[PDB]
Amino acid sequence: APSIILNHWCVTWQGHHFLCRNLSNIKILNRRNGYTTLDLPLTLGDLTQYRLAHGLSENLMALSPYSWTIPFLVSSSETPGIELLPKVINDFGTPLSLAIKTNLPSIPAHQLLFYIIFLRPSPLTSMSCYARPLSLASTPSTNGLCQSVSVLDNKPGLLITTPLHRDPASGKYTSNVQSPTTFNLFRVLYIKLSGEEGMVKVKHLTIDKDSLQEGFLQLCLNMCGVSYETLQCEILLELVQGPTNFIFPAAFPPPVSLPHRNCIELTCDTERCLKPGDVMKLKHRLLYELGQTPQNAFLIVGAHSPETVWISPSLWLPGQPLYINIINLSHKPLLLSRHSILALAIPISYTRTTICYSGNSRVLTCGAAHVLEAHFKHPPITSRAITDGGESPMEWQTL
């Protein structure tokens, strides 16, 4: 009902997602690698706050069930002859941009449909890191403090506080501590680092236990450009009883651009360059296995940014390398600035490329796999369209 008709488009709210439609003929120009790009005159913040009012909340993403979802631009199933690179919209200030693959010289008015759906990933409780056994001998002087503690909803946790010393060979920050409680799986609730400059940035973290059941834990942290000799560390862990769906060998940081959503921001490990119209099957270091029935995996999709990195979508399978398929569609070369977002790994469940979504059917398909309808299933919120027509002066007097 609440639409936004502005500059050849009209963002309407069905109740759980947005549907977008061109209002005039779109001429395909400067087609590269089969795709053309096209800017819209609307941002995610215009749709969720500035041009629509969703329920009685200040932002659609402030709603109980929308405060946990990933906004996801996805093509429509009723657009034959038109494909769209799907992408997460993980900022609100950048105008929406499309990547259209079509053979048509032009797209008629009202035929370029696409959605912005709200993806609720697999919960954090289905994923946890794994501590592998090794041959670890106790250090002659113990290095840190390990206190059992309760975390989350009265669950068994572990507060480790310790200095991390830089290995001269690897550059990794390590420490050996004696855990009072034994555990096989764990989740990382936070890492607070304190160097010479103060608060410090983390790439990955592993924890190894010893194979003599002694309770000795080896902490290893890979850092971003931190050159310091000693880091002061505080690490809260959740101890995970019994297997989860995904088992990782190393922990990764929470997503910076989607706080409190369960997904992995994939950054460029090695700096590389891309010529216009060129692809790259970049290989990421991340790996995972299954701990346990519908099937589970990760969607690998692009993100949104002023200079979009376009990502041809893929499904990331247990035990398989993580390839991130980049597709240069810009007129300039693209060098992959380190520590910046290349793709997102979103955990979903499905039943058995070209990611399309049907509005009537409540059906979202990645290739042949069928995403579980529950994931993009939210309650209908009655929102209104904000106009802000006129601000005339008071006609005012004084004594």
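A residue's number is simply how far along the shown sequence it sits, counting from 1.
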How many residues sit between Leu239 and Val240 in the deposited sequence but have no coordinates: none, 1 to 3, 4 to 9, or 10 or more? none
Comparing 132-140 with 314-322, which has the greater mean CA B-factor as deposited? 132-140
Would you tell me which stretch averages the higher CA B-factor in the PDB entry, 122-130 or 84-92? 122-130
Of the options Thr79, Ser106, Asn154, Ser257, which has the highest CA B factor as deposited? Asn154
By the CA temperature factor listed in this entry, which of these ranks top: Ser97, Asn262, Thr206, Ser227? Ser227
What third of its chain, lowest, middle or highest, does the C-alpha temperature factor of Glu197 fall into? lowest
Ranked by Cα temperature factor within the chain, is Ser24 in the lowest third, the middle third or the highest third? middle
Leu344: which third of its chain by C-alpha temperature factor? lowest
If you rank every modelled residue in this chain by C-alpha B factor, which third holds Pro294: lowest, middle or highest? highest
According to the PDB entry, is the CA B factor of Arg362 in the bottom, middle or top third of its chain, that is, lowest, middle or highest? highest
